[PDB]
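In: need a structure here:
(9 chains)
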Amino acid sequence: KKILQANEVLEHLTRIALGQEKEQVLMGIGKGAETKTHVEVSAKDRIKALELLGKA
Amino acid sequence: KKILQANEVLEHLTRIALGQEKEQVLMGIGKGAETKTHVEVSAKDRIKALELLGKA
Amino acid sequence: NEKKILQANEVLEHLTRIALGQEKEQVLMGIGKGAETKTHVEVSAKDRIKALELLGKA
Amino acid sequence: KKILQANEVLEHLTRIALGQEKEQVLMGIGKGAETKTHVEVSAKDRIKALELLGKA
Amino acid sequence: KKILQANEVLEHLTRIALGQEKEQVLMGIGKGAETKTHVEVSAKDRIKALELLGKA
Amino acid sequence: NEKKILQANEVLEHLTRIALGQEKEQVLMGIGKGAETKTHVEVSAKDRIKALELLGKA
Amino acid sequence: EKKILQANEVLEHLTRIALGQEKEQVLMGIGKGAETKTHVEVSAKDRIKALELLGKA
Amino acid sequence: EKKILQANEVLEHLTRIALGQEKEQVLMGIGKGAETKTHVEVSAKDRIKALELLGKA
Amino acid sequence: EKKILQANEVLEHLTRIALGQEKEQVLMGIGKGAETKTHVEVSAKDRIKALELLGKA
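Out: Numbering: from 1, shown residues only, chains lettered A, B, ... in the order given. The relevant structure is shown in the block below.
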């Protein structure tokens, strides 16, 4: 049960901040039906990542 | 009786942060009907786990 | 029980059940045409991460 | 007029935390119509009750 | 005309926590139409009242 | 010209009106088929409790 | 260098908001999923924040 | 070479926002599930946030 | 072992955001519940968060 170390944490946040990452969400396909799909990680999230990298 | 220990907490946080995990959500299947489904844990929740991990 | 108070360890055991994915919550699910029904879902990733946080501060 | 004291506050939070409480919500009954009903208090709200009991 | 002092505040918060209060919300009545009505105060709000009472 | 600045007791008078359930806010309300109108409803519980909290702190 | 609001001008603005004077632009339904831009009174929540800022001043 | 917005510059921008000079792109309903991009004034909550930050300067 | 953004890199990225040079991907209604992916300007809320941080630096 490995544990992510502080520098591996800064790496993962860097990828997010650099627009490199995606998240799964629900997307309308029509008449109420939805499908799973991947979208870029949002501005809000990318900013939080940027905030943390700055506190490093 | 079980109380998750501090190291075990980091382990669990690590599995989330590394995109290994899912949550149960509702998804539309047509005309107002929904199904229970599993999706990846969001960027938002991953970044929080990542934040907690960098403060350890 | 009308004056039962959860003690510190009880709180941590309860958070541990949440954190470990052993708990549910009652939500409203759509069953067609605007109609909803009560159902139980796994506690969310967000709520589990709060429990984890809390267990990590202990 | 009554003022809840600390011990009563913790008793009330305890029932919440233990999943013994309900809240009134709006539930869809068809074609935009809704009705009042009671649901279990949410995980979020329970978890806040625990955090508060953890701090006493 | 009036300013609430701290003990009056607690009195009002107590009513809320004890579940003696309501709030006005919009409820659907069908075909997009909504109607004003009252519901019990939510658990989130009741918990906040509790939190303040226990910190008094 | 000197513009108005709410003074200490005036803020408390306003929060008190809110807390007491004397005030309203403007919101959009469905009237049929996706169309909405503007109306007033009572300030909500969350907002009243925030007013109360600020009153307690003063 | 441009225009920067001073500490007083901030309070003046906040007071107009707290006093129910201001509005904000929102989207309103006009039917069948279609919406239009309209203005509405600044909300209770936003007025309470303003009151707060004025209270801490 | 690359730009870093300095403290004074930030206050100028926040001031434009607090005054009601700025807008944001949002999705608006146009009927039957269709939305379109359009601009609206920056909301009250966001303006009050700019006001808070300027107030603390 | 892998790339980590340094402080000035962070400020540069935040500056792009505050300045309204950046977008985000979202889902938009195209009809009858159908959605498609598309890019929108970064919202005011987020631009003000970037502004705040820059002010802090």
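In: and residue A:7, that's in a helix?
Out: Yes - when DSSP: H, G, I helix; E, B strand; the rest coil is applied, residue A:7 is found to be in a helix.
In: which ones are touching it?
Out: Contact analysis of residue A:7 by CB atoms under 8 Å, 6 or more residues apart in numbering or on different chains lists I:1, I:4. The way it works is simple: take the backbone N, C-alpha and C, and place the C-beta from them, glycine included.
In: what about the strands in chain A?
Out: Ranges of strands in chain A, per DSSP state E, are A:22-30, A:33-40.
In: make JSON lines from the ones you listed and add distance to chain E and mean neighbour count to it.
Out: Shown next, in JSON lines, are the strands of chain A (distance: least, CB to the nearest CB, whole Å; neighbours: other CB atoms under 10 Å in any protein chain shown):
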{"stretch": "strand A:22-30", "distance to chain E": "19", "mean neighbour count": "18"}
{"stretch": "strand A:33-40", "distance to chain E": "22", "mean neighbour count": "16"}
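In: how close does the residue of chain A found nearest chain D get to chain G?
Out: Nearest residue of chain A to chain D, counting by CB to the nearest CB: residue A:32, 12.9 Å away. Separation of residue A:32 from chain G (CB to the nearest CB, to the nearest Å): 14 Å.
In: wait, that residue sits on residue B:31?
Out: Yes - in this structure residue A:32 lies within contact range of residue B:31 using CB atoms under 8 Å: 5.0 Å.
In: which one's more surrounded, the two?
Out: residue A:32 (18 against 13; other CB atoms under 10 Å in any protein chain shown).
In: now do the contacts for the more buried one.
Out: By CB under 8 Å, 6+ apart, the contact set of residue A:32 is B:28, B:29, B:30, B:31, B:32, B:33, I:33.
In: at 10 Å instead, please
Out: Residue A:32 makes contacts with B:28, B:29, B:30, B:31, B:32, B:33, B:34, C:30, C:32, C:33, I:32, I:33, as judged by CB atoms under 10 Å, 6 or more residues apart in numbering or on different chains.
In: same check, this time on residue A:35
Out: Residue A:35 touches A:25, A:26, A:27, A:28, A:29, B:27, B:28, I:35, counting by CB under 10 Å, 6+ apart.
In: before we move on, what about residue A:39?
Out: A:22, A:23, A:24, A:25, A:27, B:43, I:24, I:25, I:26, I:27, I:37.
In: and for residue A:40?
Out: With CB under 10 Å, 6+ apart, residue A:40 has these contacts: A:19-23, A:46, B:43, I:23-26, I:37, I:39.
In: go through those and name the one nearest chain H.
Out: Closest to chain H, out of all of the contacts of residue A:40 and judged by CB to the nearest CB, is residue I:26, at 7.4 Å.
In: in chain A, which residue is most central in space?
Out: residue A:41 (4.4 Å; CA atoms, centre = their mean).
In: just to check, that one is in contact with residue B:19?
Out: No - in terms of CB atoms under 10 Å, residue A:41 does not count as a neighbour of residue B:19; the distance is 11.6 Å.
In: need the residues touching each of these two.
Out: Counting by CB under 10 Å, 6+ apart, the contacts common to residue A:41 and residue B:19 are A:21, A:22, A:23, B:43, B:46.
In: and the residue of chain A at minimum distance from chain G, bridged to which residues?
Out: At 12.7 Å from chain G, residue A:28 is the closest residue in chain A, using CB to the nearest CB. Beta-bridge partners for residue A:28, by DSSP bridges, are residue A:34.
In: distance of it from chain C?
Out: 14 Å.
In: which ones are touching that residue?
Out: Residue A:28 neighbours (CB under 10 Å, 6+ apart): A:34-35, B:28, H:33, I:27-36.
In: over to residue A:21?
Out: Counting by CB under 10 Å, 6+ apart, residue A:21 touches A:12-15, A:38, A:40-41, A:45-46, A:49, B:19, B:43, B:46-47.
In: what number of residues lie near the residue lying closest to residue A:17 once chain neighbours are set aside?
Out: Closest residue in space to residue A:17, ignoring its immediate chain neighbours: residue A:49 at 4.3 Å, by CB to CB, 6 or more residues apart in numbering or on different chains. By other CB under 10 Å, 28 other residues sit near residue A:49.
In: right, and residue A:49 touches residue A:11 too?
Out: No - when contacts are counted by CB under 10 Å, residue A:49 is not listed as touching residue A:11 (11.3 Å).
In: list residues touching both of the two?
Out: B:50, I:5.
In: what residue in chain A comes nearest to chain F?
Out: Taking CB to the nearest CB as the measure, chain A has residue A:32 as its residue closest to chain F, at 16.2 Å.
In: phi and psi next, for that residue.
Out: phi 90, psi -30 (degrees, to the nearest 10).
In: ok, residue A:21 next?
Out: phi -110, psi 160.
In: so how far is stretch A:31-39 from its chain's centroid?
Out: 18 Å (CA atoms, centre = their mean, to the nearest Å).
In: same question for stretch A:27-42.
Out: That offset, for stretch A:27-42, works out to 17 Å (CA atoms, centre = their mean).
In: quick check: end-to-end length of it?
Out: 15 Å (CA to CA, to the nearest Å).
In: ok, stretch A:37-47 next?
Out: 22 Å.
In: about what we covered before: next, give me the two most distant ones among the contacts of residue A:40.
Out: A:20 and I:26 (18.2 Å; CB to CB).
In: got the residues of chain A near chain H?
Out: Counting by CB under 10 Å from any CB of the partner chain, chain A comes close to chain H at A:28, A:30, A:31.
In: still on that earlier bit, what subset of the contacts of residue A:21 is buried?
Out: A:12-15, A:40-41, A:45-46, A:49, B:19, B:43, B:46-47 (16 or more other CB atoms under 10 Å in any protein chain shown).
In: residue contacts, residue A:52?
Out: Applying CB under 10 Å, 6+ apart, the residues near residue A:52 are A:9, A:10, A:13, A:14, A:16, A:17, B:47, B:50, B:51, B:54, B:55, I:10.
In: that's all I had, so thanks and see you.
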